[PDB]
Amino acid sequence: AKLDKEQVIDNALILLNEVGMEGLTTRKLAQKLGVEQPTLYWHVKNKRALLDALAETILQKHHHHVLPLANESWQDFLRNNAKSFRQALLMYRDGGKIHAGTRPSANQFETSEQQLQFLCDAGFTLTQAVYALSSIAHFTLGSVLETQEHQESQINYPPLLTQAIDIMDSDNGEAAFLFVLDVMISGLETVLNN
């Protein structure tokens, strides 16, 4: 057959888990596909384009809470959107690092617009809606980077710090994530007050 983009990206996702972000290169991916680099080039012009395509595909495949459910409040929508995002980023090795800085793809323009419109319809200004979505994206990304790096690891701390480390690490940052997510929702409610 012809080499198609889905075939390229599915093979790349496999390779990402096998070797990690740093290890992933277009040379290696070409080898895996049994083509030469000029052939792969038409699909992914360089490593950064490859990583962008991986990031987009991981969300498309695994980040499903991208619109509010029927009757869902904006509070529940942000909460569930964040949880869905976090789980999607945790699906692949270096998933957080891969995601950072990427934009929505063409197949996500529609739902990204609807998110913004939804929040505006809830009473947020456009600026406040943009910032609210950024709050969830950035906090979630930071949370995932932290847990992935701690996991990826394969000493006498003071006592409060020793408890702190145990509190963050013992569930891979889940409880802390939930707590902050409710903190953010409550602070946004406060923004809507004035």
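Start at 1 with the first residue shown and count on from there.
J.: Relative to the deposited sequence, how many residues with no modelled coordinates occur between residue 154 and residue 155 (none, 1 to 3, 4 to 9, 10 or more)?
T.: The entry has a long gap there, with 10 or more residues left out between residue 154 and residue 155.
J.: Mind pulling up the entry and telling me whether 88-96 or 106-114 has the higher mean Cα temperature factor?
T.: It is 106-114.
J.: Comparing 19-27 with 166-174, which has the greater mean CA B-factor as deposited?
T.: Of 166-174 and 19-27, the stretch with the higher C-alpha B-factor average is 166-174.
J.: Taking the values straight from the PDB record, which of 62, 65, 32, 150 has the highest C-alpha temperature factor?
T.: Out of 62, 65, 32, 150, the record gives the largest C-alpha B-factor to 150.
J.: Among the modelled residues of this chain, does the Cα B factor of residue 38 put it in the lowest, middle or highest third?
T.: Residue 38: CA B-factor falls in the middle third of its chain.
J.: Classify residue 45 as lowest, middle or highest third according to the C-alpha B-factor given in the PDB entry, relative to its own chain.
T.: As the PDB entry reports it, the C-alpha B-factor of residue 45 lands in the highest third of its chain.
J.: When the deposited Cα B-factors of this chain's modelled residues are ordered and cut into thirds, is residue 144 in the lowest, the middle or the highest one?
T.: Its C-alpha B-factor belongs to the middle third of this chain's values.
J.: Consider only the C-alpha atoms of the modelled residues in this chain, order them by B-factor as the entry records it, and name the third containing residue 161: lowest, middle or highest.
T.: Within its chain, residue 161 is a highest-third residue by C-alpha B-factor, going by the deposited values.
J.: Relative to the other modelled residues of the same chain, rank the CA B-factor of residue 54 and answer lowest, middle or highest third.
T.: For residue 54, the deposited C-alpha B-factor lands in the lowest third.
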